[PDB]
Amino acid sequence: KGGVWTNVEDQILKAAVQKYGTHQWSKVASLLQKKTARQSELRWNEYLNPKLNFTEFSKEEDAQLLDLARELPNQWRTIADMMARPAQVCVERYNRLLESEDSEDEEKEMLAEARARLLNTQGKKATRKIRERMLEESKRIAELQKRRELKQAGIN
Amino acid sequence: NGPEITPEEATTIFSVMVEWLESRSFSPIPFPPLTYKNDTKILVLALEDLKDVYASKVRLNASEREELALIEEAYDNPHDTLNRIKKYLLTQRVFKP
Amino acid sequence: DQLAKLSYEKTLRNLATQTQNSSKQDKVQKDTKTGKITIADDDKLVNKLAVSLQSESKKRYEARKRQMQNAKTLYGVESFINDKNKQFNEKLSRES
Amino acid sequence: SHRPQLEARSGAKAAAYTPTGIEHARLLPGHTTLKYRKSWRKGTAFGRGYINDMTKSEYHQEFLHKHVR
Amino acid sequence: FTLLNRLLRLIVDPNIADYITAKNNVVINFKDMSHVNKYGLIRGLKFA
Amino acid sequence: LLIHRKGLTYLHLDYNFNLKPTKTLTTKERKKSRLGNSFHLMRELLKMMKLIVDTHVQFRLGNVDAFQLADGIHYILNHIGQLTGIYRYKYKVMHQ
Amino acid sequence: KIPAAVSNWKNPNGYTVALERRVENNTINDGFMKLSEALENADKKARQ
RNA sequence: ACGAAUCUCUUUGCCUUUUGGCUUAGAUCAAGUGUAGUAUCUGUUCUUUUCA
RNA sequence: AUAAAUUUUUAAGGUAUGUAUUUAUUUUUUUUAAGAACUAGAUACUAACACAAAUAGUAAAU
Ligand SMILES: [Mg+2]
Ligand SMILES: [Mg+2]
Ligand SMILES: [Mg+2]
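Chain order of the listed sequences is A, B, C, D, E, F and G.
What the first sequence shows, in the deposited numbering, is residues 9 to 111, 145 to 197, in sequence order.
Residue numbering for the second sequence follows the deposited numbering, starting at 870 and increasing by one per position.
What the third sequence shows, in the deposited numbering, is residues 98 to 123, 142 to 211, in sequence order.
What the fourth sequence shows, in the deposited numbering, is residues 4 to 41, 126 to 135, 155 to 175, in sequence order.
Residue numbering for the fifth sequence follows the deposited numbering, starting at 1063 and increasing by one per position.
Residue numbering for the sixth sequence follows the deposited numbering, starting at 581 and increasing by one per position.
What the seventh sequence shows, in the deposited numbering, is residues 164 to 186, 193 to 217, in sequence order.
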């Protein structure tokens, strides 16, 4: 049950988000197997979402950091927003900044599943209509060639 | 608007607790030691406390089952878990929502 | 407004090439019975009119059609479930 | 098929119809009649409106300070 | 918090204390609404 | 007549004005056949009249006796809360 | 000119969209700076 | 020389099959088995011209 | 030395819903599919069908 993330399922997510939007997660974990809403959204907001800032320091970011982190002893999500940088990264790069001080199968089947799912937009009703209508067309054409062959007998 | 306390109040308060405790002659708590004589007991307690939530229930939802698992294993592997914890406190500063 | 004017000019000059080209390649009556009025006209020039209209409808129709072809074949960036995703989504590209 | 309406029904569409003659209750005669007008205390350590809005109001913050608690 | 983390530096090892004070700041999700908890104390915490 | 004219032919009024289905009902035929607080109220009311007028009809036939007559129709007017069920339709009548 | 609607919640036809249509300036107040450093000073006084 | 008409291409313009409502996000979110029907996912071997 | 007496009932909210059920005769210039055979099961969906015997679309459970 203890899971980690393949780029397979990861991409299936980013596709899903790219459709259903952020807030409908319990659907985003339908496509995606093996996973939950809070798991999905956890990885999304904390890692995957592109708008996040993953990059180096700067002396603005650094002196800024030791400043803030000294002022607020452990309050990381606060300080994180203060840096507009992800949480555990700010924590990590921080600790490193003081570490200078020293003395392919069923995944392809799930991908068939979701990959098939996205491409149908309607819902049960519309599809039911498509059927009903076509059945009507066949009925029409039949009734016609009835009449056509009756005309080949002359009786109209 | 910034934090409300003002440094003034802060300092007075801190000093208060200090004179109290010195006066009270108090030894602070240590970190739970790896070699502990009572330890398994305490862990028995805490885990029973979580267990009890689920004693009554007949249908367990997802998060629940996740839990009961984590417990049952924690009974099974006490040294494992205690090590896991003492790690977690020594380090992890960021948490799930 | 201005567009309607401009189009008026365009079909002016085009009309001019019709008439002149027809030189290059070569009343009002009333009813005292009823207030209906009666004008007398050639079967000519009505047909040039109608035909001109038809051909305009054609050429515009075909500009729009070839535009369908080209436009729908080219852009391959954004995700598409179906035709309307391509359509609408290209509207969102039109935005910025 | 759930759609925001774009319109409303002309009363006229109704108006052309022929009547029915059902009799309601609230039409039964009532008010047939018009009306016309003519030492120790030192010890301790501490030594000597209407805002158009809701959620910023003083009331609302009392309320939410009670109930949701 | 910053006041806490001190007051706990008094009575407990700087680690554990840190684990707590840092244990409060979290996101808090009700349905869509979600917000960091920058300031108060969350009582649902087992040690709260 | 009112019933058979709503095309409900599978309901029966017996002689005592009970209303009974003769044929287990298709649900649609239930919905089509719920009847109104009118029609029911009125059926009950007729029931009451039939009841009384019967007791007289008996006594004339010579099968009773003038005391048992008087007691009878007394009994009726008191035990209406049983013999009929008019209290289902106007529940107000639970004053009388 | 009015943009086109892209709403995190409803997606009534099933349309797919580039994410970014789906999806502070201030610093702190020195109230903090003073707070933590004052706590700090009284602290080190006390420990001494 | 320039003017005009026609065909073709490019750009701008026009938007061409170009998100249609409300309530507590409207609510809820995985605990099975036997057989059976249908959907469809792999591999293997042989072979790439014509007329009466 | 106390006499102090409320009530009482009906409908609504496996299945609804929908479809066809004509018998009795209305005048005379286009084009290329790589082709064929074999084989197994594995993930699915489903089914008022099967484990003292019984449940349905106003309400649901320590
Ligand atoms: Mg209903
Ligand atoms: Mg209702
Ligand atoms: Mg219903």
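The beta-carbon is built from N, C-alpha and C at its ideal position, and this holds for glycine as well.
Taking the CA atoms as reference points, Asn53/A sits about 26 Å from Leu939/B.
For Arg185/G, no chain C residue has a Cβ inside 7 Å of its Cβ, as the nearest lies near 11 Å away. Excluding sequence positions up to five before and after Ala1079/E, its CB lies within less than 7 Å of the CB of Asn1067, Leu1070, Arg1071, all in the same chain and listed in chain order. Just measuring C-alpha positions, the residue of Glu150/A, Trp13/A, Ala77/A sitting nearest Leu56/A is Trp13/A. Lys206/C has a beta carbon lying within less than 8 Å of a beta carbon in chain G. Using a C-beta cut-off of 8 Å, the stretch 623-635 of chain F makes contact with the stretch 586-598 of chain F, since at least three inter-stretch Cβ pairs fall below that distance. Taking a contact to require three or more Cβ pairs closer than 8 Å, the stretch 187-201 of chain C and the stretch 153-166 of chain A qualify as touching.
Per the Cβ contact rule, the stretch 6-15 of chain D is not in contact with the stretch 169-178 of chain A (fewer than 3 Cβ pairs under 8 Å). Looking only at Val169/G, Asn195/G, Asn174/G, the smallest Cα-Cα distance to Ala92/A is reached by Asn195/G. Neighbours of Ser194/C in chain A, taken as residues whose beta carbon is under 7 Å from its own, are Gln26 in chain order. Contact of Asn118/C with chain G is not assigned, every C-beta pair being separated by 8 Å or more. Taken atom to atom, the span from the alpha-carbon of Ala186/C to that of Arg179/C is near 10 Å.
The Cβ neighbour count for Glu891/B, taken over all protein chains shown within 10 Å, is under 16; the residue is labelled exposed. DSSP, read as helix, strand or coil, puts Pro876/B in helix.
In this chain, the alpha helix (DSSP H) harbouring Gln662/F covers 646-663.
The C-alpha of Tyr28/A is placed about 8 Å away from the C-alpha of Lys35/A.
In this structure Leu40/A is not in contact with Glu68/A, their Cβ atoms being roughly 38 Å apart against a cut-off of 8 Å. Residue-level contact check: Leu152/A does not touch chain C, since none of the beta carbons of chain C fall below 8 Å from its beta carbon. For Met628/F, the uninterrupted alpha helix (DSSP H) segment begins and ends at 617-641. The Cβ of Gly177/G sits closer than 8 Å to at least one Cβ of chain A.
What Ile874/B touches in chain E, judged by beta-carbon distance under 8 Å, is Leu1065, going in chain order. The CB of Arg1068/E comes closer than 7 Å to the CB of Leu208, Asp212 in chain G, given here in chain order.
Counting the other Cβ atoms within 10 Å of the Cβ of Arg188/A gives fewer than 16, which makes it exposed. Of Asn61/A, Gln47/A, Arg101/A, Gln83/A, the smallest CA-CA separation from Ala71/A is found for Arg101/A.
Identification of chain A residues near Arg893/B by a Cβ-Cβ cut-off of 7 Å yields none; the smallest Cβ-Cβ distance measures about 25 Å.
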